[PDB]
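What follows is a set of notes on a single structure, which appears directly below.
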Amino acid sequence: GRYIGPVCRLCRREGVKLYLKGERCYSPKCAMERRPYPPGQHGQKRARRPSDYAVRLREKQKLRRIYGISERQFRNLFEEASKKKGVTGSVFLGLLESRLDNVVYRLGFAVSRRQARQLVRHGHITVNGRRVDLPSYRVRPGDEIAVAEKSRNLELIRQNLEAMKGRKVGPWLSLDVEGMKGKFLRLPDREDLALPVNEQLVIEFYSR
Amino acid sequence: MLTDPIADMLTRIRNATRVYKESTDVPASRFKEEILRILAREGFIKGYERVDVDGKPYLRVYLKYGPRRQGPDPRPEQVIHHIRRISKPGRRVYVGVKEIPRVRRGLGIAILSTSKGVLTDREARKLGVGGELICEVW
Amino acid sequence: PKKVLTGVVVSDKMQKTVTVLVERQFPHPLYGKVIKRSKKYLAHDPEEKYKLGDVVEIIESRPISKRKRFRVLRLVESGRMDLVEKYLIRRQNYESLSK
Amino acid sequence: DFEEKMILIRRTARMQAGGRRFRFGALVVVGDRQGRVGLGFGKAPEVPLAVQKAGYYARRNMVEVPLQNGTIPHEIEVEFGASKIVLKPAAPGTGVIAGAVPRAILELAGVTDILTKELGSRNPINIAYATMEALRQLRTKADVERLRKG
Amino acid sequence: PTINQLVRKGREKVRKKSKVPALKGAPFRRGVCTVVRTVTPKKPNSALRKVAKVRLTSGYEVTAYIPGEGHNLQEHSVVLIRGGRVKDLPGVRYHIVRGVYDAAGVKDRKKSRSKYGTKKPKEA
RNA sequence: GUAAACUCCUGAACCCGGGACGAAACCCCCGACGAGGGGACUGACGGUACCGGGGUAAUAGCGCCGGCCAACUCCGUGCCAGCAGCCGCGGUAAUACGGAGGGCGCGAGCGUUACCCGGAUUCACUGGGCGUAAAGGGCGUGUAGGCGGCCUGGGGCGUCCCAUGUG
RNA sequence: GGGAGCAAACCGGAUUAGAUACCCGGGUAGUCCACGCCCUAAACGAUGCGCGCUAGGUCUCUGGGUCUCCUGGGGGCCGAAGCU
């Protein structure tokens with residue numbers, strides 16, 4: 001799973017600049033800047049009126065690829081939210097956010113979600129004391145997301161927390177920047193987020 | 001011979017309303033009066049009255065209609081858009097309180113005979129009782 | 001408890017036994033309409049005292065024979081040949097259904 | 001200036017010793033996502049003309065849609081010709097579940113959360129005309145009690 | 001109908017009849033060839049499609065479509081059958097499966113490959 | 001197509017060390033062979049899980065890209081060879097066949113075939129109809145059955161409500 | 001039993017490439033009576049029966065009125081609302 005292969009190319013295609021690379025898809029070159037069209041022989045050609053479908057499809061994939069998650073798993077979360085009271089949109093994102101590897105990203109530790117994964121699955125994160133390496137782990141209210149002892153001494157984590165000093169975390173999230181701890185504070189309300197996605201079209205893609 | 005008085009009563013109403021008839025009669029029955037008593041109370045008619053045609057008891061029903069409108073076809077909108085018999089004589093219908101409907105999301109009404117006289121969706125629901133669903137009105 | 005039913009003596013023509021026809025109403029489980037559907041029960045009349053057409057109550061009993069699991073409780077009301085007619089005649093019409 | 005979305009576009013075909021001659025239809029909704037929409041059917045010998053024309057007729061023919069949050073007040077069924085549509089209200093977090101025709105209309109009428117089902121003929125032109133007339137029969141407890149005064 | 005009609009008569013449920021008697025409600029069927037012919041297409045077409053009459057394990061025997069270009073089946077080839085008509089050769093209602101028993105897959109074929117039963121090549 | 005190479009950094013596998021929960025009763029002692037108190041035996045899974053040390057860049061496949069249905073271009077071919085779920089494609093310039101380059105989907109899977117429900121308000125109670133589309137019996141008479149005008153009480157089987165057993 | 005007229009089949013003449021047809025000359029059942037079968041049909045308003053309700057205009061058959069008209073039953077045409 002977890003995609004692998006060409007990325008700042010889905011930063012493309014969707015044409016709404018995904019920060020998949022981390023730092024590079026920030027420079028003057030996610031390749032999004034220098035080639036602003038779809039990949040392959042055509043790309044730059046008379047774009048044609050996309051079908052309702054094409055839209056709904058292209059909107060869900062967008063969201064899914066952000067988190068980089070197998071359709072299977074993505075689908076699972078969707079249904080979880082559907083059979084649940086609350087605005088299904090809101091809820092869904094919460095659950096998507098509440099994933100460890102994404103908290104790791106959204107607390108800063110890691111530059112990219114795909115980098116944030118590798119850390120997790122290498123035991124470099126730890127929860128409420130005890131160490132964990134399961135990207136799909138869903139984090140709950142009041143949960144210290146530290147960094148394990150043998151992971152505190154590493155170039156990567158420093159440089160990533162370096163640019164985090166002083167900068168702002170989600171309103172539902174805290175971060176002890178010194179001690180590389182940090183807490184999930186609540187389930188993030190829809191407004192807290194900023195993704196380039198009309199989540200309603202994703203709810204509609206799955207009504208088919 | 002008329003197989004159901006009620007369903008014809010409602011119909012005559014449905015029928016009189018359609019042409020904007022000032023009033024319209026309907027042969028009398030205590031159970032009908034009970035119905036019509038709720039129809040007025042719920043604001044579907046001005047009301048009614050016991051009357052006489054060749055010795056025979058009727059009920060003149062005084063109909064209520066909307067206001068006159070502009071554009072082509074000025075015909076005033078209705079107070080009774082739609083009125084329909086439910087528990088018919090062949091296919092009777094009964095419901096406990098928990099099973100009662102919410103007509104038109106509540107804008108309209110469902111009328112119903114119960115051991116405690118003729119009631120409505122809200123009344124009955126509130127009383128805590130059920131019975132023969134008669135008809136729906138909006 | 002020992003179930004009770006109320007029905008009509010349609011057959012008196014066994015030694016110390018009678019046939020009681022019991023209709024029962026219940027709503028159709030899809031079409032609502034209330035439907036009647038009857039059943040003949042063989043009841044013990046140990047003193048051949050109940051004649052034909054008498055309306056009776058019958059109580060659930062321990063087996064009296066093959067077929068017989070009920071006893072006549074009491075008389076409700078006598079002489080109802082009109083109902084027996086429905087029965088006989090509806091049974092008489094069957095003679096019209098062969099080939 | 002309203003959103004304006006166009007639903008379908010066809011090429012009809014009349015006959016004349018010499019062959020078939022073509023004319024185009026464009027059946028177009030136009031709305032602000034605020035409670036104001038209109039359905040305009042424009043026909044004309046060329047594509048961009050009809051659609052342009054449909055817009056003219058669309059603003060000509062509009063209707064005011066009573067919302068709560070982003071849904072209908074109540075339920076209605078509307079038969080137009082043989083085509084039939086069912087509108088039922090739904091709670092936030094749902095979305096618009098419909099075909100592209102009735103959808104297009106409710107999106108631009110500023111609706112988020114609403115249930116449909118197309119029965120009868122699914123003929124887009126008549127499904128459209130059915131949905132308008134449906135909205136044209138909508139009401140709030142205001143419209144109701146204003147009628148049941150007496 | 002009235003309601004009282006339904007009470008007596010009821011509504012009658014259709015139930016289907018299978019497009020494909022591979023019997024046994026089975027997904028597949030082993031067969032033996034009897035004729036390996038070259039039949040011709042239905043209305044607007046023109047070709048010579050490769051077909052085979054085949055004795056099933058069911059005791060039945062039918063015309064089955066042979067896919068691909070170039071095949072290798074004779075008077076007595078063991079074969080596996082699939083279900084699927086060919087709107088073009090009326091009454092051919094089953095497909096032979098390639099790369100199974102005496103049916104060998106399509107040589108030199110790289111594209112749609114699991115259909116047509118061909119091993120993954122390494123082309124060096 | 002940042003894809004590669006390349007530049008560091010991590011470390012699946014492998015490697016070394018430690019190593020269970022499930023197992024406290026029966027039994028043995030004090031108390032009365034009881035309540036209560038205390039003492040000893042026992043692990044198939046297994047030297048496995050798991051903890052600790054070390055530590056190598058380390059499998060990708062399958063279907064599709066004419067419409068439905070998301071994904072286009074060259075070559076080959078010439079109603080042939082072939083495709084096909086339905087409409088249909090191929091007769092020398094094919095986005096539909098075959099290969100190729102590219103692209104969409106899903107991923108240790110991906111496709112096919114079979115069968116169930118769905119879409120099918122296409123047996124329609126919810127929710128369809130019969131002048132011409134498929135549908136009024138050639139027409140009467142009437143059996144069973146279905147259904148039943150206005151008003152007053154008796155019963156309370158249908159019907160509604162309450163408690164309780166069962167579920 | 002009847003049989004004048006008409007007429008499937010059947011035969012003659014025509015026409016035509018052919019003419020087992022269309023047109024002409026004949027002609028047998030049958031057409032009619034009684035009695036008994038047969039049970040079909042574009043058996044058609046291609047519209048089952050009973051009831052109640054929802055503008056009128058026009059002409060007609062048939063009844064009843066202290067009969068320029070009013071009322072009841074039936075047969076056509078044009079059409080409110082509505083349905084299609």
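In the structure tokens, chains take letters A, B, ... by order of appearance, with residues numbered from 1 within each chain and ligands from 1 in the order shown.
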
Practice prompt. Give me the residues within 8 Å of residue 102 of chain B as a PyMOL selection string, counting only C-alpha atoms (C1' of nucleotides) and dropping any in the same chain fewer than 5 places off.
Written response: chain B and resi 109-110+121

Fill in: Residues of segment 14-95 of chain E in strand (DSSP E), written as a PyMOL selection string
chain E and resi 29-39+49-56+61-65+78-81+94-95

Export of the given selection (N, CA, C and O atoms) as a short mmCIF file (atom, residue, chain, number, x, y, z; two decimals), in the first residue's frame:
data_model
loop_
_atom_site.label_atom_id
_atom_site.label_comp_id
_atom_site.auth_asym_id
_atom_site.auth_seq_id
_atom_site.Cartn_x
_atom_site.Cartn_y
_atom_site.Cartn_z
N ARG E 29 -16.99 -25.73 -15.96
CA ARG E 29 -17.23 -27.09 -16.41
C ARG E 29 -16.09 -27.66 -17.27
O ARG E 29 -15.62 -27.02 -18.21
N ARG E 30 -15.67 -28.87 -16.94
CA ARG E 30 -14.68 -29.58 -17.73
C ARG E 30 -15.36 -30.22 -18.93
O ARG E 30 -16.47 -30.72 -18.82
N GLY E 31 -14.71 -30.20 -20.08
CA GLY E 31 -15.32 -30.72 -21.30
C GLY E 31 -14.33 -31.46 -22.17
O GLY E 31 -13.11 -31.33 -21.97
N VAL E 32 -14.86 -32.25 -23.11
CA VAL E 32 -14.06 -32.90 -24.18
C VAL E 32 -14.59 -32.47 -25.55
O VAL E 32 -15.80 -32.54 -25.80
N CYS E 33 -13.68 -32.04 -26.44
CA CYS E 33 -14.10 -31.58 -27.77
C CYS E 33 -14.65 -32.71 -28.61
O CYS E 33 -14.25 -33.87 -28.45
N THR E 34 -15.57 -32.37 -29.50
CA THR E 34 -16.04 -33.31 -30.51
C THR E 34 -15.92 -32.75 -31.94
O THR E 34 -15.65 -33.48 -32.88
N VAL E 35 -16.13 -31.45 -32.10
CA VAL E 35 -15.94 -30.80 -33.38
C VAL E 35 -15.24 -29.47 -33.15
O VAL E 35 -15.61 -28.72 -32.24
N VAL E 36 -14.24 -29.18 -33.98
CA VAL E 36 -13.47 -27.94 -33.89
C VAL E 36 -13.61 -27.24 -35.24
O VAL E 36 -12.80 -27.42 -36.16
N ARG E 37 -14.65 -26.42 -35.34
CA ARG E 37 -15.15 -25.92 -36.60
C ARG E 37 -14.79 -24.43 -36.78
O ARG E 37 -14.23 -23.80 -35.89
N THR E 38 -15.09 -23.89 -37.95
CA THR E 38 -14.95 -22.46 -38.26
C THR E 38 -16.26 -21.84 -38.75
O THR E 38 -16.47 -21.69 -39.96
N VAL E 39 -17.13 -21.46 -37.83
CA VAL E 39 -18.46 -20.89 -38.18
C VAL E 39 -18.46 -19.41 -38.58
O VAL E 39 -17.49 -18.69 -38.35
N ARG E 49 -15.38 -17.34 -37.12
CA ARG E 49 -15.07 -17.48 -35.69
C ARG E 49 -14.84 -18.93 -35.29
O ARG E 49 -15.52 -19.85 -35.76
N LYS E 50 -13.88 -19.11 -34.39
CA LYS E 50 -13.45 -20.45 -34.04
C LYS E 50 -14.29 -20.97 -32.89
O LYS E 50 -14.32 -20.38 -31.81
N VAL E 51 -14.99 -22.07 -33.15
CA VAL E 51 -15.91 -22.66 -32.19
C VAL E 51 -15.61 -24.13 -31.99
O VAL E 51 -14.92 -24.75 -32.80
N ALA E 52 -16.14 -24.68 -30.91
CA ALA E 52 -16.04 -26.12 -30.64
C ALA E 52 -17.30 -26.67 -29.95
O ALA E 52 -17.80 -26.10 -28.98
N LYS E 53 -17.82 -27.76 -30.50
CA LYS E 53 -18.80 -28.58 -29.82
C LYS E 53 -18.00 -29.36 -28.78
O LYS E 53 -16.85 -29.73 -29.02
N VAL E 54 -18.59 -29.60 -27.62
CA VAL E 54 -17.84 -30.11 -26.48
C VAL E 54 -18.71 -30.98 -25.59
O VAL E 54 -19.77 -30.55 -25.15
N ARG E 55 -18.27 -32.21 -25.30
CA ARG E 55 -18.97 -33.05 -24.32
C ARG E 55 -18.61 -32.59 -22.93
O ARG E 55 -17.45 -32.58 -22.57
N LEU E 56 -19.62 -32.22 -22.15
CA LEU E 56 -19.38 -31.76 -20.78
C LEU E 56 -19.32 -32.96 -19.85
O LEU E 56 -19.57 -34.10 -20.28
N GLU E 61 -23.63 -31.20 -24.12
CA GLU E 61 -22.66 -30.97 -25.15
C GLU E 61 -23.10 -29.75 -25.91
O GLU E 61 -24.23 -29.70 -26.37
N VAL E 62 -22.22 -28.76 -26.02
CA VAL E 62 -22.59 -27.50 -26.67
C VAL E 62 -21.45 -26.87 -27.44
O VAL E 62 -20.29 -27.26 -27.30
N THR E 63 -21.83 -25.90 -28.27
CA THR E 63 -20.90 -25.04 -28.98
C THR E 63 -20.37 -24.03 -27.99
O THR E 63 -21.16 -23.38 -27.28
N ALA E 64 -19.05 -23.90 -27.96
CA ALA E 64 -18.38 -22.94 -27.10
C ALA E 64 -17.42 -22.07 -27.92
O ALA E 64 -16.85 -22.54 -28.92
N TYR E 65 -17.25 -20.82 -27.51
CA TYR E 65 -16.41 -19.92 -28.24
C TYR E 65 -14.97 -20.20 -27.94
O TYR E 65 -14.63 -20.45 -26.80
N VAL E 78 -9.30 -31.96 -24.20
CA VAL E 78 -9.89 -31.66 -22.90
C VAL E 78 -9.84 -30.18 -22.72
O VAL E 78 -8.87 -29.54 -23.11
N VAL E 79 -10.85 -29.62 -22.09
CA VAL E 79 -11.03 -28.20 -22.15
C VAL E 79 -11.84 -27.70 -20.93
O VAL E 79 -12.59 -28.47 -20.33
N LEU E 80 -11.65 -26.44 -20.54
CA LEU E 80 -12.53 -25.83 -19.55
C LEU E 80 -13.42 -24.68 -20.11
O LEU E 80 -12.97 -23.83 -20.88
N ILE E 81 -14.69 -24.68 -19.69
CA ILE E 81 -15.75 -23.83 -20.24
C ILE E 81 -16.21 -22.82 -19.20
O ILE E 81 -16.07 -23.04 -17.99
N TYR E 94 -21.21 -20.31 -24.40
CA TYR E 94 -20.13 -20.53 -23.43
C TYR E 94 -18.79 -20.18 -24.09
O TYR E 94 -18.68 -20.18 -25.32
N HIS E 95 -17.79 -19.85 -23.28
CA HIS E 95 -16.44 -19.64 -23.78
C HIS E 95 -15.57 -20.74 -23.25
O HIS E 95 -15.74 -21.24 -22.15
#

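Note that atom CA of residue 25 of chain C and atom CA of residue 9 of chain C are 19.1 Å apart.
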
Worksheet entry | Residues within 8 Å of segment 5-12 of chain E, only C-alpha atoms (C1' of nucleotides), excluding chain neighbours under 2 positions, as a ChimeraX atom specification | /C:28,31 /E:1-3,14 /F:123

Discussion item. List the spatial neighbours of residue 58 of chain D as a list in words - criterion: any atom at most 10 Å away, only C-alpha atoms (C1' of nucleotides), same-chain residues fewer than 2 positions off excluded.
Written reply: residues 4, 27, 28, 29, 30, 31, 37, 38, 39, 40, 41, 42, 52, 53, 54, 55, 56, 60, 61 and 62 of chain D

Convert the current residue selection to file output with N, CA, C and O atoms, as a CSV table (one decimal), in the first residue's frame.
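Listing of out-v9.csv after writing:
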chain,number,residue,atom,x,y,z
D,4,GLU,N,-25.6,29.8,-12.8
D,4,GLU,CA,-25.9,29.2,-14.1
D,4,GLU,C,-25.2,27.9,-14.4
D,4,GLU,O,-24.0,27.9,-14.5
D,27,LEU,N,-31.0,23.0,-22.0
D,27,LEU,CA,-31.9,23.1,-21.0
D,27,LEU,C,-31.1,23.4,-19.7
D,27,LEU,O,-30.3,22.6,-19.3
D,28,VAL,N,-31.3,24.6,-19.2
D,28,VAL,CA,-30.3,25.3,-18.3
D,28,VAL,C,-31.0,25.9,-17.0
D,28,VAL,O,-32.0,26.5,-17.1
D,29,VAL,N,-30.3,25.6,-15.9
D,29,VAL,CA,-30.7,26.2,-14.6
D,29,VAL,C,-29.8,27.3,-14.3
D,29,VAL,O,-28.7,27.3,-14.8
D,30,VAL,N,-30.3,28.3,-13.6
D,30,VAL,CA,-29.6,29.4,-13.2
D,30,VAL,C,-30.0,29.9,-11.8
D,30,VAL,O,-31.2,30.1,-11.5
D,31,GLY,N,-29.0,30.0,-10.9
D,31,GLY,CA,-29.3,30.4,-9.5
D,31,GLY,C,-28.2,30.9,-8.7
D,31,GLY,O,-27.0,30.7,-9.0
D,37,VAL,N,-33.8,30.3,-8.1
D,37,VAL,CA,-33.5,29.6,-9.3
D,37,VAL,C,-34.5,29.8,-10.4
D,37,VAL,O,-35.6,30.3,-10.1
D,38,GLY,N,-34.1,29.3,-11.5
D,38,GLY,CA,-35.0,29.3,-12.7
D,38,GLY,C,-34.6,28.4,-13.7
D,38,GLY,O,-33.4,28.1,-13.9
D,39,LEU,N,-35.5,27.8,-14.4
D,39,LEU,CA,-35.2,26.8,-15.5
D,39,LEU,C,-35.6,27.4,-16.8
D,39,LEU,O,-36.7,27.8,-17.0
D,40,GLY,N,-34.6,27.4,-17.7
D,40,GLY,CA,-34.8,28.0,-19.0
D,40,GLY,C,-34.5,27.0,-20.1
D,40,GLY,O,-33.4,26.5,-20.2
D,41,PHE,N,-35.4,26.8,-21.0
D,41,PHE,CA,-35.2,25.9,-22.2
D,41,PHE,C,-35.1,26.7,-23.4
D,41,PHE,O,-36.1,27.4,-23.9
D,42,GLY,N,-33.9,26.8,-24.0
D,42,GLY,CA,-33.7,27.5,-25.2
D,42,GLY,C,-33.3,26.6,-26.4
D,42,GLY,O,-32.6,25.7,-26.3
D,52,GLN,N,-27.1,30.5,-24.6
D,52,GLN,CA,-27.2,31.9,-24.4
D,52,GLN,C,-28.7,32.2,-24.2
D,52,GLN,O,-29.2,32.8,-23.2
D,53,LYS,N,-29.6,31.8,-25.2
D,53,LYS,CA,-31.0,32.0,-25.2
D,53,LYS,C,-31.7,31.4,-24.0
D,53,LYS,O,-32.5,32.0,-23.3
D,54,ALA,N,-31.3,30.1,-23.6
D,54,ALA,CA,-31.9,29.5,-22.5
D,54,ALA,C,-31.7,30.3,-21.2
D,54,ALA,O,-32.6,30.3,-20.4
D,55,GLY,N,-30.5,31.0,-21.1
D,55,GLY,CA,-30.3,31.9,-20.0
D,55,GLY,C,-31.3,33.0,-19.9
D,55,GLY,O,-31.7,33.3,-18.8
D,56,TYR,N,-31.6,33.6,-21.0
D,56,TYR,CA,-32.6,34.7,-21.1
D,56,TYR,C,-33.9,34.2,-20.5
D,56,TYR,O,-34.5,34.8,-19.7
D,60,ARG,N,-36.1,34.8,-16.9
D,60,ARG,CA,-37.5,35.1,-17.1
D,60,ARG,C,-38.3,34.3,-16.2
D,60,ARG,O,-39.2,34.8,-15.5
D,61,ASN,N,-38.0,33.0,-16.1
D,61,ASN,CA,-38.8,32.0,-15.3
D,61,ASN,C,-38.1,31.6,-14.1
D,61,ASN,O,-37.3,30.6,-14.1
D,62,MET,N,-38.3,32.2,-12.9
D,62,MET,CA,-37.6,31.9,-11.7
D,62,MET,C,-38.6,31.6,-10.6
D,62,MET,O,-39.8,31.9,-10.7

Got a sec: who's within 12 Å of residue 190 of chain A, counting only C-alpha atoms (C1' of nucleotides), leaving out chain neighbours fewer than 5 positions off, as a PDB file with N, CA, C and O atoms, in the first residue's frame?
ATOM      1  N   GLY A  86     -23.880  13.014  13.894  1.00  0.00           N
ATOM      2  CA  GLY A  86     -22.993  14.127  13.626  1.00  0.00           C
ATOM      3  C   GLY A  86     -22.997  14.341  12.130  1.00  0.00           C
ATOM      4  O   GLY A  86     -23.409  13.454  11.376  1.00  0.00           O
ATOM      5  N   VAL A  87     -22.573  15.525  11.702  1.00  0.00           N
ATOM      6  CA  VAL A  87     -22.349  15.774  10.297  1.00  0.00           C
ATOM      7  C   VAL A  87     -21.261  14.828   9.830  1.00  0.00           C
ATOM      8  O   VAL A  87     -20.145  14.850  10.338  1.00  0.00           O
ATOM      9  N   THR A  88     -21.601  14.000   8.856  1.00  0.00           N
ATOM     10  CA  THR A  88     -20.705  12.957   8.388  1.00  0.00           C
ATOM     11  C   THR A  88     -19.408  13.571   7.832  1.00  0.00           C
ATOM     12  O   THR A  88     -18.331  13.026   8.038  1.00  0.00           O
ATOM     13  N   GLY A  89     -19.506  14.711   7.156  1.00  0.00           N
ATOM     14  CA  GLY A  89     -18.316  15.433   6.705  1.00  0.00           C
ATOM     15  C   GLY A  89     -17.353  15.667   7.856  1.00  0.00           C
ATOM     16  O   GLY A  89     -16.308  15.005   7.945  1.00  0.00           O
ATOM     17  N   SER A  90     -17.709  16.603   8.736  1.00  0.00           N
ATOM     18  CA  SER A  90     -16.952  16.829   9.963  1.00  0.00           C
ATOM     19  C   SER A  90     -16.333  15.524  10.425  1.00  0.00           C
ATOM     20  O   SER A  90     -15.122  15.299  10.268  1.00  0.00           O
ATOM     21  N   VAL A  91     -17.194  14.653  10.952  1.00  0.00           N
ATOM     22  CA  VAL A  91     -16.777  13.417  11.613  1.00  0.00           C
ATOM     23  C   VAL A  91     -15.634  12.779  10.816  1.00  0.00           C
ATOM     24  O   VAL A  91     -14.554  12.545  11.343  1.00  0.00           O
ATOM     25  N   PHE A  92     -15.868  12.566   9.528  1.00  0.00           N
ATOM     26  CA  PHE A  92     -14.933  11.851   8.669  1.00  0.00           C
ATOM     27  C   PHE A  92     -13.525  12.422   8.754  1.00  0.00           C
ATOM     28  O   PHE A  92     -12.534  11.695   8.903  1.00  0.00           O
ATOM     29  N   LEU A  93     -13.446  13.739   8.681  1.00  0.00           N
ATOM     30  CA  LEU A  93     -12.161  14.403   8.750  1.00  0.00           C
ATOM     31  C   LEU A  93     -11.500  14.217  10.106  1.00  0.00           C
ATOM     32  O   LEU A  93     -10.325  13.859  10.187  1.00  0.00           O
ATOM     33  N   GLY A  94     -12.260  14.428  11.169  1.00  0.00           N
ATOM     34  CA  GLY A  94     -11.776  14.094  12.497  1.00  0.00           C
ATOM     35  C   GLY A  94     -11.018  12.767  12.503  1.00  0.00           C
ATOM     36  O   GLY A  94      -9.870  12.695  12.945  1.00  0.00           O
ATOM     37  N   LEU A  95     -11.662  11.727  11.971  1.00  0.00           N
ATOM     38  CA  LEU A  95     -11.195  10.332  12.074  1.00  0.00           C
ATOM     39  C   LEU A  95      -9.956  10.114  11.236  1.00  0.00           C
ATOM     40  O   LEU A  95      -9.067   9.314  11.571  1.00  0.00           O
ATOM     41  N   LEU A  96      -9.978  10.805  10.100  1.00  0.00           N
ATOM     42  CA  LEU A  96      -8.855  10.936   9.191  1.00  0.00           C
ATOM     43  C   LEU A  96      -7.674  11.656   9.826  1.00  0.00           C
ATOM     44  O   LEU A  96      -6.508  11.301   9.617  1.00  0.00           O
ATOM     45  N   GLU A  97      -8.000  12.705  10.571  1.00  0.00           N
ATOM     46  CA  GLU A  97      -6.995  13.470  11.284  1.00  0.00           C
ATOM     47  C   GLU A  97      -6.477  12.625  12.429  1.00  0.00           C
ATOM     48  O   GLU A  97      -5.265  12.492  12.602  1.00  0.00           O
ATOM     49  N   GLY A 170      -2.764  23.206  15.244  1.00  0.00           N
ATOM     50  CA  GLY A 170      -4.210  23.231  15.293  1.00  0.00           C
ATOM     51  C   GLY A 170      -4.751  23.692  16.636  1.00  0.00           C
ATOM     52  O   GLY A 170      -4.152  23.401  17.676  1.00  0.00           O
ATOM     53  N   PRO A 171      -5.888  24.429  16.617  1.00  0.00           N
ATOM     54  CA  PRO A 171      -6.635  24.767  17.849  1.00  0.00           C
ATOM     55  C   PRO A 171      -7.072  23.564  18.738  1.00  0.00           C
ATOM     56  O   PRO A 171      -7.399  23.758  19.901  1.00  0.00           O
ATOM     57  N   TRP A 172      -7.054  22.345  18.199  1.00  0.00           N
ATOM     58  CA  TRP A 172      -7.467  21.134  18.919  1.00  0.00           C
ATOM     59  C   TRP A 172      -6.226  20.348  19.367  1.00  0.00           C
ATOM     60  O   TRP A 172      -6.335  19.242  19.904  1.00  0.00           O
ATOM     61  N   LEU A 195      -8.165  22.112   4.079  1.00  0.00           N
ATOM     62  CA  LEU A 195      -7.800  21.320   2.894  1.00  0.00           C
ATOM     63  C   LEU A 195      -8.568  21.814   1.659  1.00  0.00           C
ATOM     64  O   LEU A 195      -9.655  22.377   1.797  1.00  0.00           O
ATOM     65  N   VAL A 197     -10.752  20.974  -0.602  1.00  0.00           N
ATOM     66  CA  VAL A 197     -11.671  19.889  -0.865  1.00  0.00           C
ATOM     67  C   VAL A 197     -13.077  20.230  -0.428  1.00  0.00           C
ATOM     68  O   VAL A 197     -13.332  20.438   0.755  1.00  0.00           O
ATOM     69  N   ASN A 198     -13.999  20.271  -1.379  1.00  0.00           N
ATOM     70  CA  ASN A 198     -15.405  20.284  -1.024  1.00  0.00           C
ATOM     71  C   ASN A 198     -15.823  18.873  -0.603  1.00  0.00           C
ATOM     72  O   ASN A 198     -16.323  18.090  -1.410  1.00  0.00           O
ATOM     73  N   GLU A 199     -15.589  18.561   0.672  1.00  0.00           N
ATOM     74  CA  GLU A 199     -15.910  17.247   1.261  1.00  0.00           C
ATOM     75  C   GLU A 199     -17.288  16.703   0.906  1.00  0.00           C
ATOM     76  O   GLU A 199     -17.480  15.489   0.919  1.00  0.00           O
TER      77      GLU A 199
ATOM     78  N   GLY D  93     -25.174  17.237   6.908  1.00  0.00           N
ATOM     79  CA  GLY D  93     -24.206  16.138   6.770  1.00  0.00           C
ATOM     80  C   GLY D  93     -24.562  15.118   5.704  1.00  0.00           C
ATOM     81  O   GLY D  93     -23.803  14.179   5.447  1.00  0.00           O
TER      82      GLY D  93
END

Listing only residues of segment 66-127 of chain D within 10 Å of segment 46-65 of chain A, what is the closest atom pair and its distance in Å (to one decimal) for each, using only C-alpha atoms, sorted by chain and residue number ascending, as JSON lines?
{"residue": "D:99", "atom": "CA", "partner": "A:52", "partner_atom": "CA", "distance": 9.6}
{"residue": "D:100", "atom": "CA", "partner": "A:52", "partner_atom": "CA", "distance": 7.3}
{"residue": "D:104", "atom": "CA", "partner": "A:52", "partner_atom": "CA", "distance": 9.9}

Residue subset to file, keeping C-alpha atoms, as a tab-separated table (two decimals), in the first residue's frame:
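Resulting contents of again.tsv:
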chain	number	residue	atom	x	y	z
D	99	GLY	CA	-29.46	12.60	-10.91
D	100	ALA	CA	-27.64	15.45	-12.65
D	104	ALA	CA	-28.21	20.83	-10.81

Discussion item. Show me, as a ChimeraX atom specification, the residues that have an atom within 12 Å of residue 73 of chain G when counting only C-alpha atoms (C1' of nucleotides), minus same-chain residues fewer than 2 positions from it.
Written reply: /G:61-64,71,75

Please tabulate, as JSON lines, the residues of chain C that come within 12 Å of chain E, each with its closest pair of atoms and the distance in Å to one decimal, counting only C-alpha atoms and ordering rows by chain, then residue number upward.
{"residue": "C:27", "atom": "CA", "partner": "E:7", "partner_atom": "CA", "distance": 10.9}
{"residue": "C:28", "atom": "CA", "partner": "E:7", "partner_atom": "CA", "distance": 7.7}
{"residue": "C:29", "atom": "CA", "partner": "E:7", "partner_atom": "CA", "distance": 10.0}
{"residue": "C:30", "atom": "CA", "partner": "E:7", "partner_atom": "CA", "distance": 9.0}
{"residue": "C:31", "atom": "CA", "partner": "E:3", "partner_atom": "CA", "distance": 6.9}
{"residue": "C:32", "atom": "CA", "partner": "E:3", "partner_atom": "CA", "distance": 9.1}
{"residue": "C:33", "atom": "CA", "partner": "E:3", "partner_atom": "CA", "distance": 7.7}
{"residue": "C:34", "atom": "CA", "partner": "E:7", "partner_atom": "CA", "distance": 10.0}
{"residue": "C:35", "atom": "CA", "partner": "E:7", "partner_atom": "CA", "distance": 8.7}
{"residue": "C:36", "atom": "CA", "partner": "E:7", "partner_atom": "CA", "distance": 11.4}
